[PDB]
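Visitor: Pasting a structure below so you can have a look.
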Amino acid sequence: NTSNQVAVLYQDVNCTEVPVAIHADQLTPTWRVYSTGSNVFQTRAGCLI
Amino acid sequence: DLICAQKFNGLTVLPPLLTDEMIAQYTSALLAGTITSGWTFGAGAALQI
Ligand SMILES: *[C@@H]1O[C@H](CO)[C@@H](O)[C@H](O)[C@H]1NC(C)=O
């Protein structure tokens with residue numbers, strides 16, 4: 001109702017692993033850009049992109 | 001490890017929302033209201049005595 005943007009949390013995982021974790025070279029291009037950016041924040045719950 | 005055999009098989013553990021020093025901030029705001037206000041802070045605004 002408000003927007004179409006999303007954030008994605010990868011639970012209990014260090015984000016020095018995410019772009020090879022997500023199937024980046026073998027997926028849709030819209031799952032591709034939800035692996036990169038300057039918006040990468042490492043929490044205790046996981047990594048928030 | 002004890003936890004690594006569980007973690008390798010699909011069994012994860014999620015963290016609590018309030019950290020252990022947020023819960024300790026809550027109980028010190030309940031100590032400080034009882035000592036300085038009596039019982040009045042649980043029924044409205046805190047009145048000192
Ligand atoms: C994630 O990787 C960084 C890179 O050195 C490391 O400092 C950090 O401790 C790691 N976190 C883990 C393994 O939970």
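Letters A, B, ... go to the chains of the structure tokens in the order shown; residues in each chain start at 1; ligands are counted from 1 in the same order.
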What residues have any atom no more than 7 Å from ligand 1 when counting only C-alpha atoms and all ligand atoms, and can you list them as a PDB file with N, CA, C and O atoms, in the first residue's frame?

Guide:
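Just written: selection.pdb:
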ATOM      1  N   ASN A  14      27.547 -14.121   8.234  1.00  0.00           N
ATOM      2  CA  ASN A  14      28.470 -12.999   7.971  1.00  0.00           C
ATOM      3  C   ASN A  14      28.329 -12.633   6.498  1.00  0.00           C
ATOM      4  O   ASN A  14      28.267 -13.535   5.658  1.00  0.00           O
ATOM      5  N   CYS A  15      28.315 -11.350   6.183  1.00  0.00           N
ATOM      6  CA  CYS A  15      28.151 -10.886   4.829  1.00  0.00           C
ATOM      7  C   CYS A  15      29.439 -10.608   4.133  1.00  0.00           C
ATOM      8  O   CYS A  15      29.568  -9.651   3.353  1.00  0.00           O
ATOM      9  N   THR A  16      30.359 -11.553   4.340  1.00  0.00           N
ATOM     10  CA  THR A  16      31.564 -11.619   3.498  1.00  0.00           C
ATOM     11  C   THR A  16      31.226 -12.868   2.671  1.00  0.00           C
ATOM     12  O   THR A  16      32.057 -13.251   1.841  1.00  0.00           O
TER      13      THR A  16
END

Visitor: Got a sec to tell me which of chain B DSSP assigns to alpha helix (DSSP H), as number ranges by chain?

Guide: B: 3-7, 20-37

Visitor: Select residues of chain A: the criterion is any atom within 10 Å of an atom of chain B, counting only C-alpha atoms; output as a ChimeraX atom specification.

Guide: /A:11-12,44-46

Visitor: Which residues are near residue 22 in chain A? Cut-off 10 Å, only C-alpha atoms, ignore same chain within fewer than 2 positions. Put them as a VMD selection string.

Guide: chain A and resid 10 17 to 20 24 to 27 31 to 32 34 to 35

Visitor: How many Å lie between CA of residue 21 in chain A and CA of residue 49 in chain A, rounded to one decimal?

Guide: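 About the pair CA of residue 21 in chain A and CA of residue 49 in chain A: they are 13.3 Å apart.
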
Visitor: One decimal, in Å: what's the spacing between CA of residue 48 in chain A and CA of residue 29 in chain A?

Guide: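 According to the coordinates, CA of residue 48 in chain A and CA of residue 29 in chain A are separated by 19.2 Å.
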